[PDB]
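**Q** Taken in order, these protein sequences are the chains called A, B, C, D, E, F and G. Take the first sequence: its letters are residues 1221 to 1553, numbered as in the working numbering. Take the second sequence: its letters are residues 9 to 262, numbered as in the working numbering. Take the third sequence: its letters are residues 14 to 221, numbered as in the working numbering. Take the fourth sequence: its letters are residues 82 to 186, numbered as in the working numbering. Take the fifth sequence: its letters are residues 4 to 293, numbered as in the working numbering. Take the sixth sequence: its letters are residues 464 to 582, numbered as in the working numbering. Take the seventh sequence: its letters are residues 26 to 85, numbered as in the working numbering. There's a structure below that I have some questions on.
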Amino acid sequence: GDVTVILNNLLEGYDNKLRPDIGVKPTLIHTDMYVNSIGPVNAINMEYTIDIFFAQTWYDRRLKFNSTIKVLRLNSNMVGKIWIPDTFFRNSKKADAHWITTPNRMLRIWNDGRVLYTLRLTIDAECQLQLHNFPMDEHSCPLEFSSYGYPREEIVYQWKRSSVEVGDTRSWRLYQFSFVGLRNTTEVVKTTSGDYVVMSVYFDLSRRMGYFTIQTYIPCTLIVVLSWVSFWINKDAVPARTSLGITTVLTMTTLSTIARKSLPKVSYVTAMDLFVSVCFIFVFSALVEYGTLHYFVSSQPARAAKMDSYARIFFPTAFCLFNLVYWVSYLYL
Amino acid sequence: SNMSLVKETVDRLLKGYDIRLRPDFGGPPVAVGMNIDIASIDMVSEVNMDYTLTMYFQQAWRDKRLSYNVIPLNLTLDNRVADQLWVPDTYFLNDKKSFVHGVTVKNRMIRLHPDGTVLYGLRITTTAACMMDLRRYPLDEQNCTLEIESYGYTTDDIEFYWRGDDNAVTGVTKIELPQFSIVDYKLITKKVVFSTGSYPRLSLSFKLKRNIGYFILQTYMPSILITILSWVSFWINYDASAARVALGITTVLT
Amino acid sequence: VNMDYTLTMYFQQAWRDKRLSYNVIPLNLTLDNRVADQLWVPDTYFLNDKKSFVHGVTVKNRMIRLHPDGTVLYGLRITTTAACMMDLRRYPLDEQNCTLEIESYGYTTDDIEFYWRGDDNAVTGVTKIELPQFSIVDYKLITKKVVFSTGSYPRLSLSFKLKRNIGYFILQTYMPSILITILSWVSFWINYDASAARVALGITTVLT
Amino acid sequence: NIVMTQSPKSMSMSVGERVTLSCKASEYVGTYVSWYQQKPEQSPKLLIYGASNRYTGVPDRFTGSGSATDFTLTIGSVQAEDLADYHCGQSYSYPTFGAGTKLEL
Amino acid sequence: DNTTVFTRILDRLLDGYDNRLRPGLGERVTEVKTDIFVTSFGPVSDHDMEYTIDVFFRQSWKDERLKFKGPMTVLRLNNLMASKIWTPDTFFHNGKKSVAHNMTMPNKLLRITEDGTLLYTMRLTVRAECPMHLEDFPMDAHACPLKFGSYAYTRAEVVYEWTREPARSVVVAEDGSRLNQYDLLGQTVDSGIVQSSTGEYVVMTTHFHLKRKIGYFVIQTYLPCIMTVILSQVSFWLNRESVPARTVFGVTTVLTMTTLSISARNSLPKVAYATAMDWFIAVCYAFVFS
Amino acid sequence: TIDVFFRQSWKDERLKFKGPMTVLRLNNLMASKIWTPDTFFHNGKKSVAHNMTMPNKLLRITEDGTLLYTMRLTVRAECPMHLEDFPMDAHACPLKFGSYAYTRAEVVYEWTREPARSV
Amino acid sequence: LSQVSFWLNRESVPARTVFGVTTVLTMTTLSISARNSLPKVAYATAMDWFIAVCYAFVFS
Ligand SMILES: *[C@@H]1O[C@H](CO)[C@@H](O[C@@H]2O[C@H](CO)[C@@H](O[C@@H]3O[C@H](CO[C@H]4O[C@H](CO[C@H]5O[C@H](CO)[C@@H](O)[C@H](O)[C@@H]5O[C@H]5O[C@H](CO)[C@@H](O)[C@H](O)[C@@H]5O)[C@@H](O)[C@H](O[C@H]5O[C@H](CO)[C@@H](O)[C@H](O)[C@@H]5O)[C@@H]4O)[C@@H](O)[C@H](O[C@H]4O[C@H](CO)[C@@H](O)[C@H](O)[C@@H]4O[C@H]4O[C@H](CO)[C@@H](O)[C@H](O)[C@@H]4O[C@H]4O[C@H](CO)[C@@H](O)[C@H](O)[C@@H]4O)[C@@H]3O)[C@H](O)[C@H]2NC(C)=O)[C@H](O)[C@H]1NC(C)=O
Ligand SMILES: *[C@@H]1O[C@H](CO)[C@@H](O[C@@H]2O[C@H](CO)[C@@H](O[C@@H]3O[C@H](CO)[C@@H](O)[C@H](O)[C@@H]3O)[C@H](O)[C@H]2NC(C)=O)[C@H](O)[C@H]1NC(C)=O
Ligand SMILES: *[C@@H]1O[C@H](CO)[C@@H](O[C@@H]2O[C@H](CO)[C@@H](O[C@@H]3O[C@H](CO)[C@@H](O)[C@H](O)[C@@H]3O)[C@H](O)[C@H]2NC(C)=O)[C@H](O)[C@H]1NC(C)=O
Ligand SMILES: *[C@@H]1O[C@H](CO)[C@@H](O[C@@H]2O[C@H](CO)[C@@H](O[C@@H]3O[C@H](CO)[C@@H](O)[C@H](O)[C@@H]3O)[C@H](O)[C@H]2NC(C)=O)[C@H](O)[C@H]1NC(C)=O
Ligand SMILES: *[C@@H]1O[C@H](CO)[C@@H](O[C@@H]2O[C@H](CO)[C@@H](O)[C@H](O)[C@H]2NC(C)=O)[C@H](O)[C@H]1NC(C)=O
Ligand SMILES: *[C@@H]1O[C@H](CO)[C@@H](O)[C@H](O)[C@H]1NC(C)=O
Ligand SMILES: *[C@@H]1O[C@H](CO)[C@@H](O)[C@H](O)[C@H]1NC(C)=O
């Protein structure tokens, strides 16, 4: 009817290469979001998937009409004919909008020129996780976005009071982590082209320790007590105790390989490989203890007889002390 | 108003413009200056013999046709006008897959200046292929680069140079790698000679040095401890034939 | 593991368009592959494909070829990763059977008619396919008219029958298990006084 | 330099029988050996280009047989005018011709 | 106004140009001269029986509809002008998924000489096929072909040829070898004529002769097999009154041989014949069992 | 993953005609010159619309304006699972699709047959 | 195979030791291979409880 006439009058003498007020003042853009789901945070690539509904609203004095209808509600068929800011996410490894079935976009041009432009995004953002205290570690890793070609003097972003709103926090794919909070931040960065307004949203993720427990902490200690069992077998049965020790060492190194293969290649010492190395050292100590016991049996038997009962008390006590110290130091940190 | 003036200036610049002709199509070569802001070197694979890096590749040339004097400000046009201007045919020789990121728009900048200087930036993610010499793994230093060359235009049609010659590449000292460490980086400007002509070429070469802590902790320590556990078999008396054989065999298996 | 199979074919269609009929020149015109964006070409789709593409090097690999009587030929070079649902109740001694259903999408049976050209020499190059594991035993061409809630659409089927070779499995998993059982049998010739030797034999055998 | 040993060096055949000439290269020359017919006081005329491909104007009795190294040229039922020199020459590298075979009756 | 006179030249050049008809549609046969400059011979994958390559595909024909006389001899035009003229539709008969790099602009090149001779160069990665016979594994030698011809243009319309001597056409860069395991010996070009269901086409074939390096397979299969056999034959020097030790020797050597026979076979595609490494592994297993 | 024939049908009063045929079985390229609803899947991750060999779409314009627009999709949706009975568990994998940029006061969706016989 | 270790006589120590150790190793690798199939989830499944009980049995 007359809405076609309005849309035709808005695009007569319209240049979609020039931002509104190109030579007057910067364009204030209000940005909102809606985090549907924060996908799996894989430590190997130091990245995490997020799915958002990015909404940008600005003022355009050229798309200003005066008719009975107050607001124009449009699909993505009029996005390529008006000006659209070139907001890009500075820490996204690979990100893309959705196109099924029709391009997921929304354009609402109010009566006074205020435009709202909403799109759906699936961003594989990047954040370098400091993999210390593993797996009792907490991260706060961001999502930063800014204009690409427009510096601070041309496009200025600004959060709304209730801008970012998480979803249900129940149907998310956060397996090993647990959402505890978020915070918005705005700063200005320097680049080879100029000064840019960079907005950020920091998500705080806390690794819940329910899986790595049964994956490495239970089998390692059970392997260690398997090694301790040799301290009760009679000292005359040599092959039994040697097999115990050496096969326990083999299983220990295999389990250490798996545990270290969990997270990526990092050149520092975490809290999990520290645990598996202490367990490996304990099994090594048990084996060399039996070796010295057997060597001393030929020289003086009572020495080894006392050594056995001494080790029976010294080994579990040292293990329990180390476990207490380690867990206290790495949990309350 | 100022917007009408800007609109008429841009409509004047883009009217009577031929994309098939570089600036000075008969005269001297065009001078394209390169800047690079490396965001991150994502992954360095020894199995595929390549690495992935994301950069803000930026070029700056002087197009005497896009010159204006009625307004003093630097126009920043929409990134869709780069299909109506001339931009140099710069390609990376050792790339395998690359893509300008396209969220929320095609990530490129195209900014004109009042003296004609055009500034064209991209956000590329190139999987450069660099072959490694693993004869000293993991106590080795890789030196593998990124080569930037012009495809269509020979050296009498285009000239590449770094802008600043030492600040053209930034963001290297801020890169953290989980396994490597950037020792230094070099910027080389030269010419290659193919069967069709002599073409310009730039090279940004990194010298990564591999860390040793993870390898020691993961596969050097178990080797030494298994060797010592093998030595343990010497304290066992020669009468026990089921113990020393078991120790040696299991150490071999480990 | 994906229950699929990737095949590259030269898929050619030939119809009769009366509007592309010329009687001035006597030669069979062959136009660039870019004129196909201005003709009508049938909306053919493979029903059981998952990811497919017309090869685009050095150009979009398609052929358009008119004829002086209006007949049009239209060939593509497709690489379809079709779905091959397998019954593995006899693996690796099984004969598989997976098809390639070629159906027209938009046009009912009163708007298009599919038929193999030759009806036996339509599909060539099957006896030249040399697979590393399977071996094509037979292929059959079928012509049906499927019925959906929006009409009755034509359908062609090209069906293979791949027989899996058993040499590799005889090499990899049958022979080691057989020799491991033979090894386990040695545990009887050892004297029954040896308590660690026979247990070592049995345990290593179970573990292998 | 790829040397071409053409055989036989001199052969005589009567009219009406199939004659076979051979030309064996040293290295690989893949279907890139041409056969020329040089009558006396005349310039050579190309007979068989490629490996087995008659030049436009060549009778159907000349036909070639190609390979990677060894090549043959067969003339079924030679006439009285087929008496000339027959040179094989490769072109996979810089062209090097054979010694030629004198055809007599 | 030099850009203006060149724009006038290019506008007069495409006045009445039909980019759907080859030069000399009914009056001649097109002669496309081909050339290849392999910048990098990628890694030959043994499982997929494929090999990657990265070439500079140069083509050149003569289009009389593009004759021009001006201040310059050759026109080094953009890569988008090549979409408004006729360009041959060469395709690789044994390509799987090849890409034509377009970073940053489309990687192409067009030089229009003043007498109509065109030069059209592309930079493209071809992921070609290379069927292998692995009966001499890992001491085999292959000839990985790279066939390319025309699509939709038979032998009567478009014929291909090499521009320089066929030996000096397919060039390889010096540092252009990403072969970790193989070793490129040399190229070998050839021309042929194939017959399809549509017509009779011209096919340009190029073989790259490869020769596998035994260095890895030695240290990873032949060394452990020989070491296991030696460890097993050590069992004879022990005394006969030691049953557990000799039994452990035997069973551990058998387990090692089994794990090795399973692991080493995993590398190769599932072929139905026995390679050489399989014969070595079988003989070592027979020795341990003996 | 789920391979669907997503069918839609609205009534456009601006597409009434009067000719020899009743239903215009048009080509899939006419669907871009008319209005077609932008139905998006609320939980789909990476859905593809197939392009072999031509765009797998359909358009039948009935003489009274009743349109019909089917696509062939391959939807990869999210199915949140509670793996507390693994491997004796039962799941209910949802597939939610609605409109984008069109609220309830503008575009309402409805099944075309009895809701038990639509999917 | 672990509970079989009870029918052997008390004089043969290395045999019972081998039984015990190899059954514990098999249970460890089975637990790992069973957790590998699932997503890295932070609760305990039914199969996890079954494998824990079997581990308790072999260790006992
Ligand atoms: C190197 O080479 C690469 C390979 O060629 C190249 O990649 C290509 O890049 C270009 C440039 O970006 C892409 O072209 C654009 O793609 C946009 C969306 O891209 C998505 O979709 C395509 C598939 O495109 C189909 O789907 C969209 C969405 O529905 C349609 O809009 C398309 O027309 C097309 O639809 C047909 O096909 C469908 C089947 O798929 C059918 O169902 C349908 O019916 C049609 O038949 C995907 O391939 C993309 O994936 C790639 O990109 C993502 C990006 O993140 C990558 O991650 C991924 O890995 C892939 O690489 C992606 O998913 C299109 O929207 C866009 O079309 C608009 O823009 C152009 C340019 O401005 C216009 O000319 C055009 O007319 C369109 O404008 C209209 O529509 C917009 C809608 O927003 C309106 O706003 C606008 O006003 C205008 O409306 C007018 O026309 C309408 C009709 O068109 C009409 O309805 C209106 O009323 C009005 O009149 C453009 O096509 C191309 O897809 C890439 N291809 C590939 C294979 O990657 C790369 O860039 C090269 N690199 C360099 C450096 O050069
Ligand atoms: C990594 O390897 C590359 C290539 O192997 C090294 O690049 C080489 O760098 C040297 C030093 O600049 C270049 O030599 C120079 O030649 C110019 C010629 O005018 C001369 O003026 C200089 O004095 C110097 O001799 C050499 O050409 C260059 N080679 C290539 C192929 O680019 C690089 O130095 C290595 N190290 C690092 C940290 O990148
Ligand atoms: C899916 O398949 C369809 C059908 O083949 C593809 O549509 C075709 O897309 C190309 C590329 O945009 C169109 O070519 C264009 O033609 C216009 C003239 O209208 C020209 O100005 C452009 O420069 C370009 O050459 C082509 O016309 C179009 N087919 C039809 C019938 O219109 C579609 O691109 C395919 N999608 C993907 C992702 O491959
Ligand atoms: C592979 O599987 C397909 C389908 O599972 C087999 O195709 C089936 O072949 C039989 C025998 O040709 C068809 O029966 C036919 O019925 C029609 C009814 O008129 C009759 O005219 C024919 O003479 C024949 O009796 C059957 O319809 C067809 N399956 C379907 C769904 O149409 C195929 O034989 C199997 N083997 C191979 C080597 O492909
Ligand atoms: C998101 O950003 C907004 C604006 O930057 C924050 O809103 C401010 O909240 C503080 C209290 O925390 C008030 O004192 C300010 O007046 C608010 N600003 C405005 C403009 O209303 C909001 O707190 C941020 N959300 C966080 C940090 O979670
Ligand atoms: C345009 O850029 C130049 C380069 O630094 C700068 O000197 C000038 O001030 C800029 N113009 C404006 C209006 O800021
Ligand atoms: C065109 O094709 C037909 C059949 O393929 C053939 O009979 C005819 O000879 C062809 N035209 C010419 C001019 O050869």
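All residues carry an ideal CB built from backbone N, CA and C; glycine is no exception.
Identify the contact partners of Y154(E) in chain C, using a Cβ-Cβ distance below 7 angstroms as the criterion.
**A** Here the question's residue 154(E) lines up with position 151 in the fifth sequence. Within chain C, the residues near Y154(E) are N74, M76.
**Q** On a CA-only basis, which of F168(B), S12(B), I234(B), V240(B) is nearest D97(B)? Give me that one, please.
**A** Taking the second sequence and counting its residues from 1, the one referred to as residue 97(B) is at position 89. Checking every option, the nearest Cα to that of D97(B) belongs to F168(B).
**Q** Would you mind giving the Cβ-Cβ distance between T227(B) and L1470(A), rounded to the nearest angstrom? I have them listed as a contact below 8 angstroms.
**A** Taking the first residue of the second sequence as position 1, residue 227(B) is located at position 219. Taking the first residue of the first sequence as position 1, residue 1470(A) is located at position 250. With 8 angstroms as the limit, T227(B) and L1470(A) do not qualify as a contact, their Cβ atoms being about 15 angstroms apart.
**Q** List the whole-angstrom C-beta distance separating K1237(A) from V18(B), where the pair is believed to meet the contact cut-off of C-beta under 8 angstroms.
**A** Within the first sequence, numbered from 1, the residue matching residue 1237(A) stands at position 17. Within the second sequence, numbered from 1, the residue matching residue 18(B) stands at position 10. Confirmed, Cβ separation roughly 7 angstroms.
**Q** For the 8 angstroms Cβ check, are there 3 or more pairs between the region 68–79 of chain G and the region 542–553 of chain F?
**A** The region 68–79 of chain G, when compared against the region 542–553 of chain F, does touch it at the 8 angstroms Cβ threshold.
**Q** Step through the CB atoms of chain E and report whether any lies within less than 8 angstroms of the CB of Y181(C).
**A** Position 168 of the third sequence holds residue 181(C). Yes, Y181(C) lies at the interface with chain E (some Cβ there is under 8 angstroms from its Cβ).
**Q** Residues of the region 57–72 of chain C with a CB closer than 7 angstroms to any CB of chain G: list them in chain order, please.
**A** Here the close residues number zero.
**Q** Is there a C-beta anywhere in chain B that falls below 8 angstroms from the one on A248(E)?
**A** Working through the fifth sequence from its first residue, we reach residue 248(E) at position 245. Yes, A248(E) lies at the interface with chain B (some Cβ there is under 8 angstroms from its Cβ).
**Q** Can you tell me whether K1481(A) is helix, strand or coil according to DSSP?
**A** Here residue 1481(A) corresponds to residue number 261 of the first sequence, with the count starting at 1. Note: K1481(A) maps to helix in three-state DSSP.
**Q** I1320(A) versus chain J: which residues are under 8 angstroms apart at the beta carbon?
**A** Among the chains of the structure shown, chain J does not appear; the protein chains present are A, B, C, D, E, F and G.
**Q** Just reading off the alpha helix (DSSP H) that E16(B) is part of, what are its end residues?
**A** Counting from 1 along the second sequence, the entry for residue 16(B) is found at position 8. Taken as a continuous stretch (DSSP letters only), the alpha helix (DSSP H) holding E16(B) covers 10–22.
**Q** Tell me which same chain residues have a C-beta within less than 6 angstroms of the C-beta of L1292(A), skipping the five on either side of it?
**A** Here the question's residue 1292(A) lines up with position 72 in the first sequence. Closer than 6 angstroms at the Cβ level, and outside the excluded window around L1292(A), lie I1329.
**Q** Could you please tell me which residues of the region 83–97 of chain C, in chain order, have their CB closer than 8 angstroms to any CB of chain E?
**A** From the region 83–97 of chain C, only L86, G88, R90, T92 have a Cβ closer than 8 angstroms to chain E.
**Q** Please classify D1456(A) as buried or exposed, where buried requires at least 16 other C-beta atoms within 10 Å of its C-beta.
**A** Counted from its first residue, the first sequence places residue 1456(A) at position 236. Exposed.
**Q** State the start and end residues of the unbroken beta strand (DSSP E) segment that holds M117(B).
**A** Along the second sequence, read from residue 1 onward, the residue named residue 117(B) stands at position 109. Its beta strand (DSSP E) spans residues 116–120.
**Q** Just mark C1540(A) as buried or exposed, buried being the case when its beta carbon has 16 or more other beta carbons within 10 Å.
**A** Translated into positions along the first sequence, residue 1540(A) becomes position 320. It counts as exposed.
**Q** Report the residue ranges of all beta strand (DSSP E) runs contained in full by the region 1233–1314 of chain A; include only those spanning at least 3 residues, in chain order.
**A** DSSP runs (the beta strand (DSSP E)) wholly in the region 1233–1314 of chain A: 1247–1253, 1257–1262, 1267–1279, 1292–1294, 1307–1309.
**Q** Please state if the CB of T177(D) and the CB of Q87(D) are separated by a distance shorter than 8 angstroms.
**A** Residue numbering aside, residue 87(D) sits at position 6 when the fourth sequence is read from its first letter. Residue numbering aside, residue 177(D) sits at position 96 when the fourth sequence is read from its first letter. Result no, Cβ atoms of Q87(D) and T177(D) do not sit closer than 8 angstroms.
**Q** From what residue to what residue does the alpha helix (DSSP H) around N61(G) run?
**A** By 1-based counting over the seventh sequence, the position of residue 61(G) is 36. 38–62 is the span of the alpha helix (DSSP H), which, as asked, contains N61(G).
**Q** Kindly identify the DSSP beta-bridge partner or partners of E1407(A).
**A** As a position in the first sequence, residue 1407(A) is number 187, starting the count at 1. DSSP, once it has assigned bridges, lists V1418(A) as partnering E1407(A).
**Q** Determine, using beta carbons only, whether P1459(A) comes closer than 8 angstroms to chain G.
**A** Walking along the first sequence from the start, residue 1459(A) turns up at place 239. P1459(A) counts as touching chain G.
**Q** Can you name the residues that DSSP bridges to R103(C)?
**A** Position 90 of the third sequence, counted from the first residue, corresponds to residue 103(C). Answer by DSSP bridge pairing: none, since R103(C) is not bridged.
**Q** Taking a cut-off of 5 angstroms, which residues have a beta-carbon closer than that to any heavy atom of ligand 5, in chain order?
**A** Listed along the chain, these residues meet the criterion: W1379(A), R1381(A), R1403(A), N1404(A).
**Q** With a cut-off of 8 angstroms, do at least 3 Cβ pairs link the region 1277–1288 of chain A to the region 1238–1254 of chain A?
**A** Yes, the region 1277–1288 of chain A touches the region 1238–1254 of chain A.
**Q** On a CA-only basis, which of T235(B), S231(B), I46(B), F33(B) is nearest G73(E)? Give me that one, please.
**A** By one-based count along the fifth sequence, residue 73(E) stands at place 70. The shortest C-alpha separation from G73(E) is found at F33(B).
**Q** Do the CB positions of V58(E) and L127(E) come within less than 8 angstroms of each other?
**A** Here residue 58(E) refers to the residue found at position 55 of the fifth sequence. Here residue 127(E) refers to the residue found at position 124 of the fifth sequence. The answer is yes: Cβ separation under 8 angstroms.
**Q** Please go through the same chain and pick out, in chain order, the residues whose beta-carbon is closer than 6 angstroms to the beta-carbon of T1342(A), but skip the five residues on each side of it.
**A** Here residue 1342(A) is taken as the residue at index 122 of the first sequence, counted from 1. Closer than 6 angstroms at Cβ, skipping near neighbours: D1271.
**Q** Ligand 6 and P1305(A): does the residue's C-beta get closer than 7 angstroms to at least one heavy atom of that ligand?
**A** Residue 1305(A) sits at position 85 when you count from the first residue of the first sequence. Because no heavy atom of ligand 6 lies under 7 angstroms away, the Cβ of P1305(A) does not count as near it: no.
**Q** Give a single yes or no on whether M517(F) has its beta carbon closer than 7 angstroms to a heavy atom of ligand 3.
**A** As a first step, residue 517(F) is located in the sixth sequence; it is residue number 54 there, counting from the start. Checking every heavy atom of ligand 3 against the Cβ of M517(F), one is found closer than 7 angstroms.
**Q** Could you check whether the Cβ of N46(C) sits closer than 8 angstroms to any Cβ belonging to chain E?
**A** As a working mapping, residue 46(C) is identified with position 33 in the third sequence. Yes, because at least one Cβ of chain E sits closer than 8 angstroms to the Cβ of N46(C).
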